[PDB]
Amino acid sequence: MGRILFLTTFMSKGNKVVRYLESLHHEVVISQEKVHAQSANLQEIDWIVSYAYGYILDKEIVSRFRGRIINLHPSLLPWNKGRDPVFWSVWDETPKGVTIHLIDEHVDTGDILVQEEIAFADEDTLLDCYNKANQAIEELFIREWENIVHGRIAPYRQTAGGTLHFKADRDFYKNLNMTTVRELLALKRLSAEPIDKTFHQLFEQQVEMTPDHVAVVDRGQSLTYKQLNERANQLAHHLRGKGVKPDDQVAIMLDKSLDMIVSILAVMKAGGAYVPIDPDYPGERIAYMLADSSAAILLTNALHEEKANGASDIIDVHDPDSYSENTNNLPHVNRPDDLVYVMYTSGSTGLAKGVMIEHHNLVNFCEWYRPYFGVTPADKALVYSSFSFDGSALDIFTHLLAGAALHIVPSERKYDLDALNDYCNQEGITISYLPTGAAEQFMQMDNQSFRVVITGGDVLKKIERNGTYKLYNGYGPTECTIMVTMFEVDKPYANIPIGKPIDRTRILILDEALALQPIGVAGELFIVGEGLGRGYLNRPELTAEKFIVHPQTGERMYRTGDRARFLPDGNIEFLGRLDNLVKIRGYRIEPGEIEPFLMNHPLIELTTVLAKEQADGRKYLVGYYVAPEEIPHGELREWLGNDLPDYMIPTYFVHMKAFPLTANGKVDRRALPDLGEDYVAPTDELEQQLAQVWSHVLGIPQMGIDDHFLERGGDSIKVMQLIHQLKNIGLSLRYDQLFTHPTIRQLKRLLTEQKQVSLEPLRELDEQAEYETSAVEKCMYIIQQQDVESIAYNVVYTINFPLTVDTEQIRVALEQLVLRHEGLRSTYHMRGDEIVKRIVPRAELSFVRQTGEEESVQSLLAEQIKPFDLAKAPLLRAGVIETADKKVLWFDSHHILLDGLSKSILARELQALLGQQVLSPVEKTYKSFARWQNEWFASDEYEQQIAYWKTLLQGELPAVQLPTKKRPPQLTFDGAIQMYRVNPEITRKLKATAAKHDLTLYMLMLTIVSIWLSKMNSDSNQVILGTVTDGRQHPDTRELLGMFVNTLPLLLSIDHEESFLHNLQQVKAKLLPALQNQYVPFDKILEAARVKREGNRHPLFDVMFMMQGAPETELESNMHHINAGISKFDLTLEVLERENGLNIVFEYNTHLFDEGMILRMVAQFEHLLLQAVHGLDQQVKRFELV
Ligand SMILES: Nc1ncnc2c1ncn2[C@@H]1O[C@H](COP(=O)(O)CP(=O)(O)OP(=O)(O)O)[C@@H](O)[C@H]1O
Ligand SMILES: *P(=O)(O)OCC(C)(C)[C@@H](O)C(=O)NCCC(=O)NCCNC(C)=O
Ligand SMILES: CC(C)[C@H](N)C(=O)O
């Protein structure tokens, strides 16, 4: 007995505890709003129970309810006070539990009533942890409420300690809610957070260690560490006497030589930063670098003095008057934050940018380099790269701090890989950095000298090399000091990783909102740590855009513009530039993904795929490959056709003896040479007549005669369009005939007779008070009347919009769609015998506006999912839930109106309206199709279709009996969901395999499902499973809203003695007749099998398999189907094509399968699918489930 005030997040939050309190005869008042000190909520209140409440109570209310305010907080206080306690308990690795406590003047600090610990498994997602913690604290309350009111609980004080978090603290981590505990802590180690020496301080130290060792070697001219230091001191004294101060730039224009090394060190010791200028650069680049730089002094000699055009003061390094007699180390004037050098990135003059690197950047890299590669003074290093390229900083600075010797590559032998190898073998060169392009050609040479070869700068593809040296792949932008990650290439990889970060460096993968990405999810690569340079010279606005302060973490980081993702082992995978993404026939492609498939060819050693644009603007791919002899164009398409769909196969192929290289040793992509070769223009009146129809169905211009219909985007839907468009020219073609003759050259043989030319449009009906319903509408109506409160046939979708979209523009667009489509203004009524349809001229759309937290969205949607009265229009409800970061549009509909294709139409028209576009009126109406089809049921064509099912469904029908629990006594619909993602690479292989063997992706997946079912049913030779078709019988219905879908049983045979490919063809043979006779209402198919809708099982099949194609619009691709805890069948498998992969959803009945069984079945499906794709000619009996 009492009166309790329940303050919680939303209406249904804490259902169990309210029901328990009410069962004890307490009166509960639920509220989520703020409580005023004087209000109706407060008067006559015994207890106040709060659970995830969103507001703080006034000091006066906490006073008037001393010892009467109980709070349910899902953490082990004092750990994780405040917001998101479960998440922070996992991320911070704190003790875990739930606490019921009193509310005091000080928040989340009142005396504990009861506390208990809780455990989270490694494989649980953060969402499961959240729900588990809530369940535990609610059960704890129910268990102890009696021992609270009666006073059996003695409160005790919280210990001082723990943690605290606020609302916005979680913003950076918003993408992590579906990641497991193990995966979250792995990410934490990779994401969560001193040098006080300059480089010349470290070099001067290295000299005192090895003063007599060789430092530099140039054509028999030698210089020891002590000689090098003294000469540098001589020039440095003079330079500082000329006014060299810290952060001052000094230009150097010299050829690789002893003087270059002496000049670089002299500028450091003097106190300034050097700006290297390669004398071999074009004149305009030299002039640009000298102008953009603030250097007033230039070190050069006579041969290059003229190239400067007298732009600054010149100091001749050959003149003895530039060297002071003093050879003593200068006194230090440099801080580690002072510039050490400035190097320019690629680009035209004015675009190219000067990158400012600081002493501490360089020291950090050199200290990591020496131990990582084990550099001892006995090592011989090569100075290969131009000294205007930061690859030379690697060559020079890392080895001078390890006592090793630098060897000045002689000009006549850098671009001759053969002589270079000879110089390295003869001289004993052990370590060197070679850019990717040059390194891949150096691998051919027989070398015995090198211990380690480091490459980088471009995508490394070849690793087969003659030699015993270790191969390393390094990555990094000039902006972050040479390299930030390193990887030891140990074996072949389709994509060679770029490795793990170096000392005091972290790599973050962020999304477009700068939010952390889970491990394995691709995003933009950001860099944090000691490698970040100062920025771009004379360019503060560009610096602020690329060197950002993160708005949540406050940390400084560099936006690289590269795409990448972490691998499970901590290594990183480069995925290309974010700009190089090009679209071809409506597919976002990374051309780099095609190359490794050309590499696998036995006769190809190097390859590079590019994107180009014709004068028209059309995109098209070209493939360059290196091989001894030219490979036929056809043999290449067939080779690539094993793993890639046609849109990723280059239109052209170019054979070359070798790739040209740039100065920096990268492949010169701009220097490669500049309707495909397999086109066979039509030469016939019929040939040309079909090449035009195919072009319109496939949406491709200038179609050829040897072009395979499926390889170029054809599917079941587009095969229907082809047939109906050939009936437009009196040419009759059947469904199965297209798959035997999938090209115009072959198909033309069967198109001679020009009869059966019946052009019949769908006819509009005269106005009537009432209209006839279709066959499927009658079935749906009768089902709904069996339980009018059931939501099992509601259809719920959501769409995430940005906060910048206007809620009211969305409402208006939906209201216009109610006006556009009579389906949204249709009602259903039972007039004695018949089920009848009425149409209203106008209908009012229910549109609800709400606000809430992201964590509450699904709970708020579930409260809105209610039955539809089929006699009332519109059969659609909608609303918008605004959170802190987005607006979630939801709409609920009934299956009698919205089917799969109807959703696609609704999404396309909604996208147009939000874009301020005008739509042409809808020409046909569903009610006219219903009258046309009801009459078609009296024709002879219908008699023949039903005759197919009478024959097939006679007698012995297989019984697929999966291992379940004891079935309930009647039909249940309680369901849950599990998901399996097939990545793009495997999805492409599946797609390529299907087309190559005259199969659709659907036929290929249906066969895998059938083998899967068979394996679970004691390798049964036959299986039965349902599927669905769009059911758009009349071609004038493809833009209407309504229910057209028809259900079909499939009797399939699996021959475990035959190969996968053989079973694939046998599934096609059984599917096509079923599609040819698909237009019989499912109720008549149940008659033909003498089965009725009764019992605890669904009549003909327990397993349903359905599949949808890729989305037609950006909006549709952002639509998510929400399951309301319903399972129409024992088990449904749905395959959706999303983001170049397959999302496979297993919807199952919870009374028949528990989570343990489903998790095993999903694991077995994946394993079976991977064996199939890789084992086409393998016998099915050799595929195993575990
Ligand atoms: N191992 C590696 N693998 C793949 N790409 C790499 C790589 N190492 C470096 N890169 C790429 O090269 C870029 C940095 O090259 P930098 O020389 O520092 C500027 P750049 O000279 O203007 O390059 P550019 O001429 O290719 O445009 C990186 O962003 C990355 O895209
Ligand atoms: P082909 O490419 O082998 O496809 C065969 C199908 C799938 C039978 C094809 O004819 C077809 O009917 N595609 C549309 C199927 C469809 O509508 N799936 C979604 C139905 N789902 C809902 C919720 O309505
Ligand atoms: C090693 C260095 C040259 C770096 N990888 C770059 O490409 O700029």
Side-chain angles (χ1 to χ4, degrees), residues 765 768-796 818 821-830 832-840 843 846 865-877 891-903 906 924-937 942 970-971 973 1026 1028-1034 1037 1040-1048 1078-1087 1091 1093 1098-1100 1104 1106 1124 1126-1129:
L765 308 174
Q768 299 172 221
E770 276 174 1
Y771 299 97
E772 275 183 343
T773 56
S774 70
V776 67
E777 279 177 331
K778 298 171 196 298
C779 195
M780 275 291 350
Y781 184 92
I782 293 293
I783 291 155
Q784 188 64 56
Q785 298 306 139
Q786 285 183 328
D787 194 334
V788 284
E789 294 177 6
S790 172
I791 60 174
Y793 297 87
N794 287 31
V795 178
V796 185
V818 172
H821 299 280
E822 270 182 5
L824 288 162
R825 299 181 278 97
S826 298
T827 56
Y828 297 88
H829 313 266
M830 183 180 289
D833 284 73
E834 263 191 342
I835 290 168
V836 176
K837 169 178 291 179
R838 295 183 190 138
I839 290 181
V840 302
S846 166
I865 302 173
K866 296 175 180 181
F868 277 101
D869 188 340
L870 291 183
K872 302 175 186 167
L875 293 163
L876 179 90
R877 299 158 185 156
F891 57 94
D892 183 12
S893 185
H894 198 278
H895 197 12
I896 204 169
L897 167 53
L898 200 79
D899 70 11
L901 189 58
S902 295
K903 176 266 294 189
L906 217 72
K924 307 301 164 200
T925 71
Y926 187 95
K927 63 187 186 298
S928 63
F929 165 82
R931 193 149 296 155
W932 174 91
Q933 190 185 242
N934 288 338
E935 299 173 15
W936 181 84
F937 293 151
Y942 169 78
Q970 293 161 351
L971 276 181
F973 291 86
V1028 312
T1029 63
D1030 61 356
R1032 306 266 178 160
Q1033 190 168 7
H1034 199 296
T1037 62
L1040 303 187
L1041 292 188
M1043 176 52 168
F1044 297 83
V1045 166
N1046 191 19
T1047 303
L1048 301 180
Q1078 60 178 294
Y1079 295 127
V1080 186
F1082 183 74
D1083 191 69
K1084 298 290 182 182
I1085 296 178
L1086 294 181
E1087 298 179 2
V1091 180
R1093 287 194 187 279
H1098 298 279
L1100 281 178
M1104 169 65 63
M1106 56 180 66
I1126 299 294
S1127 193
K1128 300 162 181 287
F1129 304 91

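Along the sequence shown, residues are numbered consecutively beginning with 1. Hydrogens, waters and symmetry mates are skipped; everything else that's a heavy atom, side chains included, is used.
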TODO: Tell me, with the steps shown, if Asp892 and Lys866 meet side chain to side chain contact (heavy atoms under 4.5 Å, CB included).
DONE: CA-CA 9 Å; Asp892 183 12; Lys866 296 175 180 181; over 6 Å; no

- [ ] Let me see the working for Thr1037 and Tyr926 under side chain to side chain donor-acceptor pair (under 3.5 Å), right down to the final yes or no.
- [x] CA-CA 8 Å; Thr1037 62; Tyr926 187 95; over 6 Å; no

Task: Mutual orientation of the aromatic rings belonging to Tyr828 and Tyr781 [parallel < 30°, tilted 30-60°, perpendicular > 60°] - done: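 Tilted.
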
Open item on the list: Ring-plane angle category for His895 and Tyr793, please: parallel below 30°, perpendicular beyond 60°, tilted otherwise.
Closed with: parallel

Test item: [X] side-chain N/O and [Y] main-chain N/O as donor-acceptor pair under 3.5 Å:
X	Y	value
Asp1083	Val776	no
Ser893	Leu875	yes
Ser846	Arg877	no
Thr1047	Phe1082	no
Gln768	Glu770	yes
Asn1046	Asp1030	no

Identify the two heavy atoms, one from [X] and one from [Y], that lie closest to each other, and give their separation to 0.1 Å.
X	Y	answer
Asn934	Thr773	ND2-O, 3.2 Å
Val788	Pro867	O-CB, 3.5 Å
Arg1032	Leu1040	NH1-O, 3.0 Å
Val840	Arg825	O-NH1, 2.8 Å
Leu1048	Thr1029	CD1-CG2, 3.7 Å
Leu824	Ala873	O-CB, 4.0 Å

- [ ] List the steps and the verdict of side chain to side chain donor-acceptor pair (under 3.5 Å) for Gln784 and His894.
- [x] CA-CA 10 Å; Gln784 188 64 56; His894 198 278; 2.7 Å; yes

- [ ] List the steps, then state whether salt bridge (charged side-chain N to carboxylate O under 4.0 Å, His left out) holds for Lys927 with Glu822.
- [x] CA-CA 9 Å; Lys927 63 187 186 298; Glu822 270 182 5; 2.8 Å; yes

Task: Test side chain to side chain contact (heavy atoms under 4.5 Å, CB included) applied to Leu898 and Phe891, step by step - done: CA-CA 11 Å; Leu898 200 79; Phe891 57 94; 4.2 Å; yes

Open item on the list: Using ring centroids (six-membered ring only for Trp), state whether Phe929 and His1034 fall under 6.0 Å.
Closed with: no

Open item on the list: Can you tell whether the side chains of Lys837 and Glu777 come within less than 4.0 Å, N to carboxylate O?
Closed with: yes

Task: Worked verdict on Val1045 versus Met1043 for side chain to side chain contact (heavy atoms under 4.5 Å, CB included) - done: CA-CA 6 Å; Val1045 166; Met1043 176 52 168; 3.7 Å; yes

